[PDB]
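Everything below belongs to start.cif, which stores mmCIF, C-alpha atoms.
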```
data_query
loop_
_atom_site.label_atom_id
_atom_site.label_comp_id
_atom_site.auth_asym_id
_atom_site.auth_seq_id
_atom_site.Cartn_x
_atom_site.Cartn_y
_atom_site.Cartn_z
CA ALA A 51 49.04 176.31 -54.44
CA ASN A 52 46.00 178.23 -53.22
CA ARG A 53 45.12 175.10 -51.26
CA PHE A 54 48.61 174.98 -49.74
CA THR A 55 48.34 178.66 -48.82
CA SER A 56 45.06 178.06 -47.00
CA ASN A 57 46.46 174.96 -45.30
CA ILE A 58 49.62 176.74 -44.12
CA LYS A 59 47.68 179.68 -42.70
CA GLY A 60 45.23 177.38 -40.91
CA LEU A 61 47.95 175.16 -39.45
CA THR A 62 49.99 178.10 -38.16
CA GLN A 63 46.90 179.64 -36.56
CA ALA A 64 46.03 176.28 -34.99
CA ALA A 65 49.48 176.02 -33.41
CA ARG A 66 49.12 179.56 -32.07
CA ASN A 67 45.77 178.51 -30.58
CA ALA A 68 47.27 175.40 -28.97
CA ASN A 69 49.82 177.59 -27.19
CA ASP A 70 46.88 179.24 -25.40
CA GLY A 71 45.68 175.89 -24.09
CA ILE A 72 49.20 175.19 -22.85
CA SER A 73 49.09 178.50 -20.96
CA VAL A 74 45.69 177.64 -19.45
CA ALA A 75 47.03 174.29 -18.26
CA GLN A 76 50.05 175.97 -16.66
CA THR A 77 47.94 178.55 -14.82
CA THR A 78 45.49 175.98 -13.48
CA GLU A 79 48.42 173.77 -12.42
CA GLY A 80 49.84 176.66 -10.41
CA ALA A 81 46.49 177.18 -8.70
CA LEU A 82 46.24 173.45 -7.96
CA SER A 83 49.75 173.47 -6.48
CA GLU A 84 48.77 176.27 -4.11
CA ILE A 85 45.67 174.32 -3.08
CA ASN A 86 47.82 171.22 -2.52
CA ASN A 87 50.20 173.15 -0.26
CA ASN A 88 47.24 174.39 1.78
CA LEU A 89 45.87 170.84 2.04
CA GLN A 90 49.20 169.44 3.26
CA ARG A 91 49.44 172.17 5.90
CA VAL A 92 45.87 171.40 7.01
CA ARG A 93 46.73 167.69 7.23
CA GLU A 94 49.79 168.40 9.38
CA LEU A 95 47.73 170.63 11.67
CA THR A 96 45.07 167.92 12.03
CA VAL A 97 47.82 165.46 12.96
CA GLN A 98 49.03 167.92 15.60
CA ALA A 99 45.47 168.45 16.86
CA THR A 100 44.34 164.81 17.18
CA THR B 407 27.05 179.08 -38.34
CA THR B 408 27.51 175.30 -38.51
CA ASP B 409 30.49 173.75 -40.31
CA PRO B 410 32.12 177.09 -41.22
CA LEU B 411 35.48 175.94 -42.54
CA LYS B 412 34.03 173.47 -45.05
CA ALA B 413 31.77 176.20 -46.47
CA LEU B 414 34.78 178.51 -46.74
CA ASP B 415 36.69 175.81 -48.63
CA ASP B 416 33.68 175.33 -50.92
CA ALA B 417 33.60 179.06 -51.73
CA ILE B 418 37.36 179.17 -52.36
CA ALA B 419 37.14 176.21 -54.74
CA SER B 420 34.14 177.78 -56.48
CA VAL B 421 36.05 180.98 -57.21
CA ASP B 422 39.11 178.96 -58.26
CA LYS B 423 36.97 177.14 -60.85
CA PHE B 424 35.94 180.43 -62.47
CA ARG B 425 39.53 181.69 -62.44
CA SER B 426 40.79 178.52 -64.13
CA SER B 427 38.08 178.66 -66.81
CA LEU B 428 38.95 182.30 -67.49
CA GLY B 429 42.65 181.48 -67.85
CA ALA B 430 41.88 178.68 -70.28
CA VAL B 431 39.87 181.15 -72.33
CA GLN B 432 42.81 183.59 -72.32
CA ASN B 433 45.07 180.87 -73.71
CA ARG B 434 42.52 180.04 -76.41
CA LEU B 435 42.21 183.71 -77.38
CA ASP B 436 45.98 184.12 -77.64
CA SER B 437 46.19 181.06 -79.90
CA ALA B 438 43.41 182.54 -82.04
CA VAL B 439 45.27 185.85 -82.36
CA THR B 440 48.44 184.07 -83.47
CA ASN B 441 46.61 182.02 -86.10
CA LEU B 442 44.82 185.12 -87.41
CA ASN B 443 48.11 187.02 -87.77
CA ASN B 444 49.63 184.16 -89.75
CA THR B 445 46.54 183.88 -91.96
CA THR B 446 46.51 187.62 -92.64
CA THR B 447 50.17 187.57 -93.66
CA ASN B 448 49.63 184.62 -96.00
CA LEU B 449 46.53 186.12 -97.62
CA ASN C 151 39.31 171.75 -41.00
CA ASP C 152 36.27 171.45 -38.72
CA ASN C 153 36.16 169.28 -35.59
CA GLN C 154 39.91 169.43 -34.90
CA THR C 155 39.73 169.89 -31.15
CA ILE C 156 41.67 168.65 -28.12
CA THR C 157 39.47 168.45 -25.03
CA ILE C 158 40.57 169.93 -21.69
CA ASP C 159 38.49 168.93 -18.67
CA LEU C 160 38.04 171.41 -15.82
CA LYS C 161 36.72 170.14 -12.48
CA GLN C 162 35.16 172.49 -9.93
CA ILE C 163 37.45 172.17 -6.90
CA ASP C 164 36.26 173.66 -3.61
CA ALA C 165 35.33 172.67 -0.06
CA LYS C 166 31.89 171.37 -1.06
CA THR C 167 33.22 169.29 -3.98
CA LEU C 168 36.06 167.85 -1.88
CA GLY C 169 34.15 166.56 1.15
CA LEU C 170 35.76 169.19 3.39
CA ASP C 171 32.51 171.09 3.98
CA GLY C 172 32.02 171.73 7.68
CA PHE C 173 35.34 170.16 8.70
CA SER C 174 35.79 170.70 12.43
CA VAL C 175 38.15 169.34 15.08
CA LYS C 176 36.29 170.79 18.06
CA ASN C 177 32.83 170.84 19.63
#
```

Structure rendered as structure tokens:
Amino acid sequence: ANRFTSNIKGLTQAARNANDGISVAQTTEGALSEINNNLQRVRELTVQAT
Amino acid sequence: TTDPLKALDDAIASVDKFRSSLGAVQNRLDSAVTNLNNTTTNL
Amino acid sequence: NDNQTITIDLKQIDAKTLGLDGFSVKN
């Protein structure tokens, strides 16, 4: 039972940690989306300029 | 520190070993007390 | 236990690392 107690605590903490990685992925995806919008606008302007 | 969690598990098992041995000794002592009470009554 | 990791890769994204360094449409 001591071994289950340790296992349960570790697994719960690991899930809590994984949530942080999910948050990091979401934030970086938002930044990448902003960069993508800028790139598409630049592409359209290059089309208009050539 | 390298390999922390395995060392922590080793320490936890090492203290569990001592606790289990102590509990076994408690059971033995209780059995001894019971036998001594019976022997005293009979004598 | 130990070594229970999921690897996230992060790539440096900027003008230099995208080929758009010095991009001009004029002289």

For this session: Please determine the contact residues of chain B with respect to chain C at a cut-off of 10 Å, counting all atoms listed in the file, and supply them as a PyMOL selection string.
Result: chain B and resi 408-412+414-415

Could you dump the residues just selected with C-alpha atoms as a PDB file, in the frame of the given file?
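Heads up, here's the output in part_33.pdb:
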```pdb
ATOM      1  CA  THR B 408      27.510 175.300 -38.510  1.00  0.00           C
ATOM      2  CA  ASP B 409      30.490 173.750 -40.310  1.00  0.00           C
ATOM      3  CA  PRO B 410      32.120 177.090 -41.220  1.00  0.00           C
ATOM      4  CA  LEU B 411      35.480 175.940 -42.540  1.00  0.00           C
ATOM      5  CA  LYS B 412      34.030 173.470 -45.050  1.00  0.00           C
ATOM      6  CA  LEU B 414      34.780 178.510 -46.740  1.00  0.00           C
ATOM      7  CA  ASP B 415      36.690 175.810 -48.630  1.00  0.00           C
TER       8      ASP B 415
END
```

Problem set entry | Output of the PyMOL selection byres ((chain A) within 9 of (chain B)), listed as a list in words |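 Applying the expression gives residues 52, 53 and 56 of chain A.
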
Exercise. Between A:65, A:75, A:58, A:51, which has the minimum distance to chain C (counting only C-alpha atoms)?
Worked result: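 Of the candidates, the smallest distance to chain C is held by A:75.
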
Problem set entry | For atom CA of residue A:91 and atom CA of residue A:77, the interatomic separation in Å (one decimal) | 21.7 Å

For this session: Kindly determine which residues of chain A lie within 9 Å of chain C, considering all atoms listed in the file, and give the answer as an MDAnalysis selection string.
Result: chainID A and resid 57 60 68 71 75 82 96 99:100

For this session: Work out how far atom CA of residue A:59 is from atom CA of residue A:74, in Å to one decimal.
Result: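 Separating atom CA of residue A:74 from atom CA of residue A:59 is a distance of 23.4 Å.
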
Problem set entry | Atom-to-atom span, atom CA of residue B:426 and atom CA of residue A:55, Å |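 About the pair atom CA of residue B:426 and atom CA of residue A:55: they are 17.1 Å apart.
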
Give me the box for stretch 430-436 of chain B as JSON, namely the centre and edge lengths in Å to one decimal of a box along x, y and z that holds every listed atom plus 6 Å on each side.
```
{"center_x": 42.9, "center_y": 181.4, "center_z": -74.0, "size_x": 18.1, "size_y": 17.4, "size_z": 19.4}
```

Expected file for stretch 52-83 of chain A keeping N, CA, C and O atoms, as an mmCIF file, in the first residue's frame:
```cif
data_model
loop_
_atom_site.group_PDB
_atom_site.id
_atom_site.type_symbol
_atom_site.label_atom_id
_atom_site.label_comp_id
_atom_site.auth_asym_id
_atom_site.auth_seq_id
_atom_site.Cartn_x
_atom_site.Cartn_y
_atom_site.Cartn_z
ATOM 1 N N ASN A 52 1.980 1.237 0.716
ATOM 2 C CA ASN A 52 2.926 2.343 0.621
ATOM 3 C C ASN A 52 3.375 2.539 -0.820
ATOM 4 O O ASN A 52 3.500 3.677 -1.299
ATOM 5 N N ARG A 53 3.617 1.434 -1.525
ATOM 6 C CA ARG A 53 4.006 1.537 -2.928
ATOM 7 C C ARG A 53 2.881 2.119 -3.783
ATOM 8 O O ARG A 53 3.140 2.954 -4.660
ATOM 9 N N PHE A 54 1.626 1.712 -3.546
ATOM 10 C CA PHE A 54 0.532 2.382 -4.259
ATOM 11 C C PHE A 54 0.464 3.867 -3.932
ATOM 12 O O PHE A 54 0.170 4.679 -4.810
ATOM 13 N N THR A 55 0.666 4.240 -2.670
ATOM 14 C CA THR A 55 0.586 5.651 -2.305
ATOM 15 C C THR A 55 1.619 6.462 -3.078
ATOM 16 O O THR A 55 1.302 7.508 -3.670
ATOM 17 N N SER A 56 2.859 5.968 -3.107
ATOM 18 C CA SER A 56 3.903 6.637 -3.875
ATOM 19 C C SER A 56 3.541 6.705 -5.354
ATOM 20 O O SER A 56 3.702 7.753 -5.994
ATOM 21 N N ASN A 57 3.040 5.598 -5.909
ATOM 22 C CA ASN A 57 2.697 5.575 -7.326
ATOM 23 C C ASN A 57 1.594 6.574 -7.648
ATOM 24 O O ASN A 57 1.670 7.289 -8.652
ATOM 25 N N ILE A 58 0.561 6.637 -6.806
ATOM 26 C CA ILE A 58 -0.556 7.546 -7.050
ATOM 27 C C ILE A 58 -0.077 8.989 -7.018
ATOM 28 O O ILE A 58 -0.412 9.794 -7.898
ATOM 29 N N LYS A 59 0.718 9.336 -6.003
ATOM 30 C CA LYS A 59 1.207 10.708 -5.914
ATOM 31 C C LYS A 59 2.050 11.065 -7.132
ATOM 32 O O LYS A 59 1.865 12.133 -7.740
ATOM 33 N N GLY A 60 2.953 10.165 -7.531
ATOM 34 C CA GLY A 60 3.791 10.437 -8.686
ATOM 35 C C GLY A 60 2.997 10.589 -9.970
ATOM 36 O O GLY A 60 3.263 11.490 -10.769
ATOM 37 N N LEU A 61 2.014 9.713 -10.187
ATOM 38 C CA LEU A 61 1.223 9.777 -11.412
ATOM 39 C C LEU A 61 0.402 11.060 -11.478
ATOM 40 O O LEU A 61 0.326 11.705 -12.535
ATOM 41 N N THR A 62 -0.219 11.448 -10.361
ATOM 42 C CA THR A 62 -0.986 12.689 -10.353
ATOM 43 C C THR A 62 -0.086 13.884 -10.640
ATOM 44 O O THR A 62 -0.438 14.766 -11.441
ATOM 45 N N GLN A 63 1.095 13.918 -10.017
ATOM 46 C CA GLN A 63 2.007 15.026 -10.267
ATOM 47 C C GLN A 63 2.470 15.041 -11.720
ATOM 48 O O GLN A 63 2.642 16.111 -12.315
ATOM 49 N N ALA A 64 2.677 13.860 -12.307
ATOM 50 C CA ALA A 64 3.087 13.785 -13.705
ATOM 51 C C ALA A 64 2.009 14.333 -14.633
ATOM 52 O O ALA A 64 2.315 15.030 -15.609
ATOM 53 N N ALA A 65 0.743 14.014 -14.358
ATOM 54 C CA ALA A 65 -0.339 14.573 -15.168
ATOM 55 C C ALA A 65 -0.388 16.092 -15.042
ATOM 56 O O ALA A 65 -0.558 16.813 -16.044
ATOM 57 N N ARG A 66 -0.232 16.596 -13.814
ATOM 58 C CA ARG A 66 -0.185 18.041 -13.614
ATOM 59 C C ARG A 66 0.951 18.664 -14.416
ATOM 60 O O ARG A 66 0.795 19.746 -14.994
ATOM 61 N N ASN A 67 2.103 17.992 -14.460
ATOM 62 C CA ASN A 67 3.225 18.482 -15.256
ATOM 63 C C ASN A 67 2.889 18.499 -16.743
ATOM 64 O O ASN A 67 3.211 19.462 -17.449
ATOM 65 N N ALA A 68 2.247 17.437 -17.236
ATOM 66 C CA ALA A 68 1.923 17.354 -18.659
ATOM 67 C C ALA A 68 0.996 18.485 -19.084
ATOM 68 O O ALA A 68 1.066 18.969 -20.226
ATOM 69 N N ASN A 69 0.098 18.902 -18.187
ATOM 70 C CA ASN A 69 -0.744 20.055 -18.503
ATOM 71 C C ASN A 69 0.091 21.289 -18.844
ATOM 72 O O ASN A 69 -0.286 22.077 -19.726
ATOM 73 N N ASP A 70 1.232 21.467 -18.172
ATOM 74 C CA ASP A 70 2.100 22.601 -18.472
ATOM 75 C C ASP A 70 2.632 22.531 -19.897
ATOM 76 O O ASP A 70 2.678 23.548 -20.602
ATOM 77 N N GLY A 71 3.051 21.343 -20.337
ATOM 78 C CA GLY A 71 3.500 21.195 -21.712
ATOM 79 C C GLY A 71 2.398 21.492 -22.708
ATOM 80 O O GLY A 71 2.644 22.082 -23.768
ATOM 81 N N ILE A 72 1.168 21.086 -22.384
ATOM 82 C CA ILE A 72 0.035 21.433 -23.240
ATOM 83 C C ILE A 72 -0.094 22.948 -23.358
ATOM 84 O O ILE A 72 -0.303 23.493 -24.453
ATOM 85 N N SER A 73 0.036 23.652 -22.230
ATOM 86 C CA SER A 73 -0.042 25.112 -22.250
ATOM 87 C C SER A 73 1.066 25.722 -23.103
ATOM 88 O O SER A 73 0.829 26.676 -23.860
ATOM 89 N N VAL A 74 2.288 25.196 -22.980
ATOM 90 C CA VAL A 74 3.407 25.701 -23.777
ATOM 91 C C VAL A 74 3.113 25.534 -25.260
ATOM 92 O O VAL A 74 3.347 26.442 -26.072
ATOM 93 N N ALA A 75 2.603 24.359 -25.634
ATOM 94 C CA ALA A 75 2.272 24.112 -27.032
ATOM 95 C C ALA A 75 1.225 25.100 -27.526
ATOM 96 O O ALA A 75 1.348 25.641 -28.630
ATOM 97 N N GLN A 76 0.198 25.362 -26.713
ATOM 98 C CA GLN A 76 -0.839 26.305 -27.128
ATOM 99 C C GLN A 76 -0.270 27.707 -27.337
ATOM 100 O O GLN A 76 -0.583 28.374 -28.335
ATOM 101 N N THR A 77 0.565 28.173 -26.405
ATOM 102 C CA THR A 77 1.125 29.518 -26.522
ATOM 103 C C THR A 77 1.991 29.646 -27.772
ATOM 104 O O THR A 77 1.877 30.620 -28.537
ATOM 105 N N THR A 78 2.861 28.660 -28.003
ATOM 106 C CA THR A 78 3.724 28.733 -29.173
ATOM 107 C C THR A 78 2.916 28.618 -30.461
ATOM 108 O O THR A 78 3.267 29.243 -31.467
ATOM 109 N N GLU A 79 1.819 27.854 -30.443
ATOM 110 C CA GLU A 79 0.945 27.793 -31.610
ATOM 111 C C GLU A 79 0.314 29.147 -31.901
ATOM 112 O O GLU A 79 0.183 29.540 -33.065
ATOM 113 N N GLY A 80 -0.105 29.865 -30.858
ATOM 114 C CA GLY A 80 -0.638 31.204 -31.077
ATOM 115 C C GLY A 80 0.384 32.135 -31.703
ATOM 116 O O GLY A 80 0.086 32.877 -32.651
ATOM 117 N N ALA A 81 1.615 32.096 -31.185
ATOM 118 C CA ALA A 81 2.676 32.911 -31.774
ATOM 119 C C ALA A 81 2.908 32.542 -33.237
ATOM 120 O O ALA A 81 3.050 33.421 -34.101
ATOM 121 N N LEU A 82 2.936 31.240 -33.534
ATOM 122 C CA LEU A 82 3.154 30.790 -34.903
ATOM 123 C C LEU A 82 2.018 31.234 -35.815
ATOM 124 O O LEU A 82 2.244 31.557 -36.985
ATOM 125 N N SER A 83 0.786 31.241 -35.302
ATOM 126 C CA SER A 83 -0.345 31.705 -36.099
ATOM 127 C C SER A 83 -0.207 33.183 -36.439
ATOM 128 O O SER A 83 -0.497 33.600 -37.570
#
```
